[PDB]
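# Chains, contacts and geometry: an overview
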Amino acid sequence: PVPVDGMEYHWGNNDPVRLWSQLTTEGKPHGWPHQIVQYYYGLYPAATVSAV
Amino acid sequence: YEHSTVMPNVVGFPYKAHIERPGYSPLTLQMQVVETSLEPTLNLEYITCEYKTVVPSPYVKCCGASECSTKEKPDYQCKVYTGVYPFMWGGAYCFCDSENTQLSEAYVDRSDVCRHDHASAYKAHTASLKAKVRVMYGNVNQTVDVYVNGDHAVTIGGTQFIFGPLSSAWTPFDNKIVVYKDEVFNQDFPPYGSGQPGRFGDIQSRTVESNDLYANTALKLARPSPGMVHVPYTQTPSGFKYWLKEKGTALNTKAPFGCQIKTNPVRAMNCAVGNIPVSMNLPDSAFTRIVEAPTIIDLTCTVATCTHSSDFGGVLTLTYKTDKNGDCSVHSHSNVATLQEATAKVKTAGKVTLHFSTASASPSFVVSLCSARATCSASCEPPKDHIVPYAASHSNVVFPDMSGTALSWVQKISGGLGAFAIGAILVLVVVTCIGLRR
Amino acid sequence: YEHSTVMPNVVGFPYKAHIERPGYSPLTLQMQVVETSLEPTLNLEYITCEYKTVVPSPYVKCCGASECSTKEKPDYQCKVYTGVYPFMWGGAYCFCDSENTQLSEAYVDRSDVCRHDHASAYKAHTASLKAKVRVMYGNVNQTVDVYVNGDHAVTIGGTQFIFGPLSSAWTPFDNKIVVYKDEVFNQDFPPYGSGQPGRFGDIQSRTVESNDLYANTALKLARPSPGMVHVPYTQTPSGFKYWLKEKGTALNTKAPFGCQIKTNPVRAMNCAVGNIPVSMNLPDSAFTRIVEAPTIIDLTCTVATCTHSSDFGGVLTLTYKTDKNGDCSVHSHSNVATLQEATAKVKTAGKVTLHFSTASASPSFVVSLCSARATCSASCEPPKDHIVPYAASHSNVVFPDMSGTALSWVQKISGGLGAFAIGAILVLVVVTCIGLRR
Ligand SMILES: *[C@@H]1O[C@H](CO)[C@@H](O[C@@H]2O[C@H](CO)[C@@H](O[C@@H]3O[C@H](CO)[C@@H](O)[C@H](O)[C@@H]3O)[C@H](O)[C@H]2NC(C)=O)[C@H](O)[C@H]1NC(C)=O
Ligand SMILES: *[C@@H]1O[C@H](CO)[C@@H](O[C@@H]2O[C@H](CO)[C@@H](O[C@@H]3O[C@H](CO)[C@@H](O)[C@H](O)[C@@H]3O)[C@H](O)[C@H]2NC(C)=O)[C@H](O)[C@H]1NC(C)=O
Ligand SMILES: *[C@@H]1O[C@H](CO)[C@@H](O[C@@H]2O[C@H](CO)[C@@H](O[C@@H]3O[C@H](CO)[C@@H](O)[C@H](O)[C@@H]3O)[C@H](O)[C@H]2NC(C)=O)[C@H](O)[C@H]1NC(C)=O
Ligand SMILES: *[C@@H]1O[C@H](CO)[C@@H](O[C@@H]2O[C@H](CO)[C@@H](O[C@@H]3O[C@H](CO)[C@@H](O)[C@H](O)[C@@H]3O)[C@H](O)[C@H]2NC(C)=O)[C@H](O)[C@H]1NC(C)=O
């Protein structure tokens, strides 16, 4: 897993490598109100339901 | 002129501080953390290494007996066996048939290489953070080594800098530590003088060159077999060599906040947590008189493109009109958006463009060119890439603006319902007042 | 057989512990603290010493001008003065009547004997206690060096001891310390790189050998007087010299709890505060089987004399009857009185005399000889001497026995008043009941 904080893997003798995740999701913001919720559900998919 | 700010303890994050002195044009200076180090204070408890068993030649006394003599040697064992009748290659010595005796002795010592291959047991406390920071403003651009506590002042271009104590007191090393070569194990070890056989610390010594040694390895002597000379014994194998196989993980590969554990001296590096207060004392030659600074009026900000990615994914254009050509200092008065640079060239053409990085769907921030101000708001689209090999240039602020599409829609809905409630309240008030008046 | 108890942390106090194994005759250990040392952990901040101003010979150009050259020296100063006409013993050189100049230069340096006479500014934290303890029981003394924390097991005659962590976490050292030769001062020093002229730390160096030096001494230059060659200057006198005569007291003459401050390593000696737990693990060779011990029956205690003074001012005569003669272990089961000796030579005559020390007017305490027990009550008179040159040999317990003269009077009077109250209550109850029955 690669959270937004990052991840690091070390494989063999060569140097460890770091990877970070971007705030990517599947809905479209600035669209119909049933798509803004999809946007904010793709990322942070546990407080959007409670807030809605 | 005295100023104070707070900058995040993140390596590579471009912090920019905005100083606005009443009589002078505004100044923006950039501070960046090139490197960090955090070292505990260690006091050595003991060292451990592999042992070595010393077994001298047996003393076989013929036609008589011998007495065992006690010695002050670590884990010393001695016994006397009666009725022996050894043999050698040429024949059997000890002419006496059965009135013979053999003396067996054994003790332990540190191995010949204990000064090369050993493990140290430490107690760790009260870490001190050191940093290396580059500071740059105007024609000054220079990097310094500082102690991050309120007790070290450095001078850069005539400006005095004090980098105050870190916000948090988090350390990755707990009370007890074991160091082996270049690896730190976050371990609890037995007390000195109380080691057990076959585990870590079955032999203990206060220092590599110390003269006394503690040993507890369950060494035991046995009776020699009939007709031969050999001094048998049994001893539990080394506990250092067992630790070397069952040590388990390391702190090098477990540490939180993503920080590298180095040894000699023991330290944790680039370990992103907390905030660093900064106090400054600037000379008056750092600023510029507000007279020869350009004068800007009618500052308008329009956002060309935006996408809330990690790098600088937004482009911004500022329109103005100026009296003279010169240099200004831009700055964004919110951490929603982080600007690329801290200076712009103003010309009579009246158009400057500059890049910013954000992480929210709809940002809204106020940007200032020299002494002017303007408000920028935009609608930003998500990126398509899932994973990138570099960290964010923003501060991870996500909550959108009140004028953004989502909260605009929520505002419209809430306003409609509130108008309905207000109208109903008015109706009830009118009806009840009419009822009371009768 | 594992046992656990606590000791006062006072030097020279004769602690006596009683171990009572079910299958054996009782044992009495004597422990004293011979010495202690409380050791802080130090981080060197910097070194201060007297400075030395270096002033080269001036440079005079005849019909020329000298251009001031800057360089990197501590507190460096340079000027050029115009129109000089110096004279020397043979006459005045520089034919050139007026158009010629002098170049004046000066800077600061660490003094020649800073290696030998300097003051060190430390940060002190997390002290560790270490002791010498004299342990005696059966037929041995010894004194052992112990780290007083729960992580050092030391073996005396086959019995292994761990002297637990001190109850209190009190230290006489502040966060910031200044050490000079053989004295310690609790003092806040200025941050490195921020020392002020004329005070402690006007020049700062990170270590004795360190190549870099911070100097802030307010050195200034002035024009030479006409017809003369001498490089004037004015410059604030040293702050190490100023501190030397104005430091004020020390910690050696000031510290609480009566403990001696010593240096290299800096430590506090014999600093009586707190309690120390001790846990032992005795072998079976230490005890004696109950069959060997004499059987003591019909034990009574009577006191001959008392004087509740610092030394052993009470005498106790103890009667019994025994079947054999041997050794018993005597112990006083309360801290109101302290016995001088640990074993008594029991014989068939039937008398043993014991010496005890107390500070209460009417002590009452239970004492055991071998396995018997008896209660001792005494009426003890105050001393006559006002002041003695030795420490108290009791535990400073003053509250009397409930059977003493004062508490007996209180008890009788309170009983009389309670009897009056009970009679009043009974009569009121009787009359109320008779009235209610009507
Ligand atoms: C040459 O060989 C003869 C073969 O016996 C050796 O005679 C043995 O000498 C030892 C001297 O230590 C005798 O030991 C003693 O024996 C007595 C009686 O048993 C014992 O009480 C003493 O404590 C002591 O151990 C041993 O008995 C004797 N053997 C006999 C007499 O049969 C002789 O020593 C050899 N010569 C050498 C080695 O120069
Ligand atoms: C402020 O000063 C620092 C140095 O104190 C400047 O760092 C400079 O950084 C650049 C790249 O960011 C270095 O150039 C690089 O050189 C390597 C050489 O192998 C080359 O392979 C790279 O492609 C790149 O060209 C440059 O050497 C370095 N300057 C130094 C070390 O003196 C920093 O850029 C300065 N800030 C500004 C705004 O100029
Ligand atoms: C021997 O002594 C004579 C003095 O009589 C020195 O001559 C002096 O030299 C200086 C430097 O060359 C002259 O200063 C110059 O003044 C002119 C203005 O006239 C100016 O244009 C130059 O830039 C420079 O400042 C000075 O005037 C001159 N004195 C006279 C009376 O002419 C000579 O240098 C001495 N020789 C040696 C080897 O020292
Ligand atoms: C426990 O063992 C220690 C080890 O020796 C004993 O310490 C020493 O005891 C002797 C007394 O037999 C002390 O000698 C005397 O000292 C007094 C002091 O005023 C002096 O006036 C006498 O002329 C004589 O020299 C000796 O100082 C002392 N050593 C130390 C380091 O304390 C101790 O007595 C033994 N305790 C018991 C109860 O057996």
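Residues numbered from 1 in each chain as written, not as in the entry; some residues may be left out. Chains lettered and ligands numbered in written order. Part of a larger assembly, values for the part shown. Heavy atoms only, no water.

As summarised from the PDB record, the model derives from cryo-EM at a stated resolution of 3.02 Å.

### Here's the deal with the interface of chain C and chain B
Listed per partner, the contact involves 18 residues of chain C and 18 residues of chain B. Where chain C abuts chain B, roughly 1300 Å² becomes buried across the two surfaces, and 43% of that area is made up of carbon and sulfur atoms. For chain C, the biggest contributors to the area lost against chain B are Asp151(C), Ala153(C) and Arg206(C); these three give 34% of the whole. Scanning the region where chain C abuts chain B turns up 3 salt bridges. Residues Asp151(B) and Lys176(C) are paired through a salt bridge, measuring 3.3 Å at the closest nitrogen-oxygen approach. At the boundary of chain C and chain B, one finds 4 residue pairs in polar contact. Only β3 (27-48) and β8 (119-136) of chain C provide two or more residues apiece to the side of chain C that touches chain B. Looking at the side of chain C that touches chain B element by element, the count peaks at 3 residues for β8(C). Partitioned by chemical class, the residues of the side of chain C that touches chain B number 6 nonpolar, 7 polar and 5 charged. (Contact = heavy atoms within 4.5 Å. Buried area = accessible area lost by both parts, 1.4 Å probe. Salt bridge = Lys/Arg side-chain N within 4 Å of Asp/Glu carboxyl O. Polar contact = N/O pair within 3.5 Å; in protein donor to acceptor, adjacent residues only side chain to side chain. Helix = DSSP H or I, 4+ residues; strand = E, 2+ residues; numbered from the N terminus. Nonpolar A, V, L, I, M, F, W, Y, C, P; charged D, E, K, R; others polar.)

### Some words on the site of ligand 4
Residues and elements named next belong to chain C. Around ligand 4 sit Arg134, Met136 and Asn141, and that is every residue in its neighbourhood. In this structure, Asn141 approaches ligand 4 through a side-chain N or O atom, which is 2.6 Å from an oxygen atom. Relative to its unbound accessible surface of 760 Å², ligand 4 loses 14% to contact with the protein. (Near = heavy atom within 4 Å. Areas by Shrake-Rupley, 256 points an atom, 1.4 Å probe, with all protein chains shown as cover.)

### Things to note about unusual backbone geometry
The amide bond that connects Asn264(B) to the next residue, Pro265(B), takes the cis arrangement and shows omega of -5°. One can find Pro265(B) in the loop between β18 (260-262) and β19 (267-269). In this structure, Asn270(C) is a non-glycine residue whose phi angle is positive, near 60°.

### Observations regarding the interface of chain A and chain B
Contacts between chain A and chain B engage 16 residues on the former and 26 residues on the latter. Counting the surface lost from both chain A and chain B, the interface buries some 1900 Å², and carbon and sulfur atoms represent 61% of this. Linking chain A with chain B are 8 residue pairs in polar contact, by the criterion used here. Here the side of chain A that touches chain B is built from residues that sort into 10 nonpolar, 5 polar and 1 charged. Pairing of strand β2 (residues 17-21) of chain A with strand β30 (residues 387-388) of chain B, which is carried by 2 bridges, proceeds in the antiparallel orientation. (Pairing = 2+ DSSP bridges.)

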